[PDB]
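This report refers to the structure that appears directly beneath it.
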Amino acid sequence: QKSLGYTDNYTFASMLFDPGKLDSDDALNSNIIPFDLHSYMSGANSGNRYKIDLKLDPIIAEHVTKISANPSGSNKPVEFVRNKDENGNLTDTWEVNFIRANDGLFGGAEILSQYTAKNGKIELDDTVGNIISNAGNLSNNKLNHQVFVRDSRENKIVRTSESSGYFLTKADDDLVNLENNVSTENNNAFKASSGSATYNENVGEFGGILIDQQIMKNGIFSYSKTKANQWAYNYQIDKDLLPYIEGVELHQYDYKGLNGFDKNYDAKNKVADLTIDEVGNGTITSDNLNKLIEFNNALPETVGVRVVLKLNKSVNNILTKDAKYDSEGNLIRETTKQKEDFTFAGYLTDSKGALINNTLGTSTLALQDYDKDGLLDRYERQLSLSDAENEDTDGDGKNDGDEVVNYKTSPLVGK
Ligand SMILES: [Ca+2]
Ligand SMILES: [Ca+2]
Ligand SMILES: [Ca+2]
Ligand SMILES: [Ca+2]
Ligand SMILES: [Ca+2]
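In structure tokens, the structure reads:
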């Protein structure tokens, strides 16, 4: 139930989760969710240190009986083992070793090239159509999924390997439309695309949210179009976040060769101000899209696009909306939200407005308040430096949330 911190290993440059959509009658009537797993590794690795984790929506994890996939270049599948939490229950995350030689998926020496784990099967105890019809309204809450590399030595997520998103259903009618009428302009250029959403306290004056969409290249694509054939970048932000957003910007996201993507925020990389409507959708174009997207022309580098959400209030005001306080103004741990997920999506359209093949990348941002002290887990780990599973880190009777916003005293000192 508790979230994980982040660590830094640039060698795990990309890790994309590519699942099938769930709208066609063939997929809707099957008990198996198919997927491929793409990875790019910039340096050699070995041993049992690093793992591959796959966190699934609890609606689906309730029905999962087996998860498996073929390692890169193999015919024999490997089974994902379900994870057990601290006390012994089963999480909604399955885990497999990374290095192929240690019952994993990818070879420790296959670097500087895209490698795929194919024939991935999420075997369920029921057909997906039955679960979709017994899951509720999937127009706001989606069937979230997440994949990342885990450093088992420090129990942290490798920052550059995180990728999230959600499975497409018929409730996502707009997105499902574009993956059925794909454009013909460059159906060969790109392999797959996934997104990732994180919280960043250095953005603006109240913190920010970073949406980093990567698009893997099949070859060495180069973007050169006439002014009348210029593409457009289309984005959709979760409507549940608009009250808290001061503004949205488009940043450059350069794949810096062997170093991959720089995950840090840099306000100097802003290239445009994005406009959005009431439902959270928007689009942007130019007479030369090379101004707004670092396509890494003529190079086999992954294409990246960064969207920044500058908040107008502190991020802790999201789960603490319609919460209750006492006479002294302190938060009662039993009134604030504990979990809430937000969904985003980004994709490229051609001149007529059709999707470029495998350019749709969805992302989910999982905000969590495990100890329910009013401070998000990401806030405590990245800014306040307090224990994410303790209402009172220093042990002086003053809760962590009350100590930071109310008492204005350090939540780390008790004497
Ligand atoms: Ca570059
Ligand atoms: Ca907390
Ligand atoms: Ca805490
Ligand atoms: Ca305290
Ligand atoms: Ca204190």
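Numbering-wise, the deposited numbering puts 521 at position 161 of the sequence shown, and it's gapless, one number per residue.
Every residue, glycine too, gets a C-beta built ideally from N, C-alpha and C.
Nearer than 7 Å: is that true of the beta carbon of residue i relative to any heavy atom of ligand 4?
i      : result
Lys732 : no
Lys530 : no
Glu763 : yes
With residue i and residue j assumed to form a contact (beta carbons below 8 Å), what rounded beta-carbon distance in angstroms separates them?
i           : j      : result
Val507      : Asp417 : No, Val507 and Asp417 are not in contact; Cβ-Cβ is about 13 Å, not under 8 Å.
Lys362      : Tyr739 : That belief does not hold up - the Cβ atoms of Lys362 and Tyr739 are roughly 15 Å apart, past 8 Å.
residue 347 : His398 : Residue numbering for the chain in the displayed model covers 361 to 775; residue 347 lies beyond these limits and cannot be assessed.
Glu654      : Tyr685 : Not really, about 46 Å apart at Cβ, beyond 8 Å.
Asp733      : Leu691 : 7 Å
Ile571      : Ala557 : 5 Å
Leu601      : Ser402 : With 8 Å as the limit, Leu601 and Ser402 do not qualify as a contact, their Cβ atoms being about 33 Å apart.
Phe377      : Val509 : About 12 Å separates the two Cβ atoms, so there is no contact after all.
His423      : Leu484 : 4 Å
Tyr604      : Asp511 : Incorrect: roughly 31 Å between the Cβ atoms, too far for contact.
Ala714      : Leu538 : 7 Å
Can you find a heavy atom of ligand 5 that lies under 7 Å from the Cβ of residue i?
i      : result
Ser744 : no
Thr635 : no
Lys758 : yes
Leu735 : no
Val773 : yes
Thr558 : no
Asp754 : yes
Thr769 : yes
Could you please give me the residues that DSSP links to residue i through a beta bridge?
i      : result
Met401 : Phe372
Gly480 : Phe395
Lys577 : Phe550
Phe440 : In the DSSP output, where bridge partners are listed per residue, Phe440 has none listed.
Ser512 : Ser512 pairs with nothing; no bridge assigned.
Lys415 : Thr453 and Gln506
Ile571 : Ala557 and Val667
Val608 : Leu634 and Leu669
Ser428 : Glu439 and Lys481
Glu700 : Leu727
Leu745 : None, per the DSSP bridge assignment.
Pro379 : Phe395
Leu708 : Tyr593
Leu618 : According to DSSP, which records beta bridges pairwise, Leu618 is partnered with nothing at all.
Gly721 : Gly706
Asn641 : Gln596
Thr367 : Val518
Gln361 : None, per the DSSP bridge assignment.
Apply the 10 Å Cβ neighbour rule to residue i and answer buried if 16 or more other Cβ atoms are within range, or exposed otherwise.
i           : result
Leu503      : buried
residue 777 : The question about residue 777 has no answer here: the residues shown for the chain are numbered 361 through 775.
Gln698      : exposed
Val441      : exposed
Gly480      : buried
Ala404      : exposed
residue 779 : Since the displayed the chain opens at 361 and closes at 775, residue 779 lies outside it and no answer follows.
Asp762      : buried
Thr709      : buried
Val773      : exposed
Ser744      : buried
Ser384      : exposed
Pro379      : buried
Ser582      : exposed
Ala705      : buried
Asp532      : buried
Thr662      : buried
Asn562      : exposed
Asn541      : exposed
Return yes when at least one heavy atom of ligand 3 lies under 7 Å from the C-beta of residue i, else no.
i      : result
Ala748 : yes
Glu740 : yes
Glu751 : yes
Please confirm whether any heavy atom of ligand 1 lies closer than 7 Å to the CB of residue i.
i      : result
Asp614 : yes
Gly617 : yes
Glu455 : no
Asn629 : no
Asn656 : yes
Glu688 : no
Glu661 : yes
Can you determine whether any heavy atom of ligand 2 sits closer than 7 Å to the C-beta of residue i, and answer yes or no?
i      : result
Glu561 : no
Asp729 : yes
Three CB pairs or more closer than 8 Å across the region 471 to 491 and the region 391 to 409: These segments touch.
Cβ pair count under 8 Å reaching 3, the region 433 to 452 against the region 542 to 558: Contact annotation: the region 433 to 452 does not touch the region 542 to 558, with fewer than three C-beta pairs closer than 8 Å.
Cβ contact check for the region 599 to 611 and the region 664 to 677: 3 or more pairs under 8 Å: As far as the Cβ criterion goes, the region 599 to 611 touches the region 664 to 677, which means the pair count is three or higher.
Segment contact flag, the region 687 to 705 with the region 579 to 591, C-beta cutoff 8 Å, min 3 pairs: Verdict: no, contact absent.
Validate contact between the region 420 to 433 and the region 454 to 471 using beta carbons, cut 8 Å, 3 pairs: Result yes; three or more Cβ-Cβ pairs closer than 8 Å.
At least three beta-carbon pairs within less than 8 Å, the region 514 to 526 to the region 365 to 372: In the pairwise beta carbon analysis, the region 514 to 526 is classified as touching the region 365 to 372: at least three pairs are separated by under 8 Å.
The region 718 to 725 / the region 524 to 532 touching (three or more Cβ pairs under 8 Å): Yes: the two stretches touch, three or more of their Cβ pairs being nearer than 8 Å.
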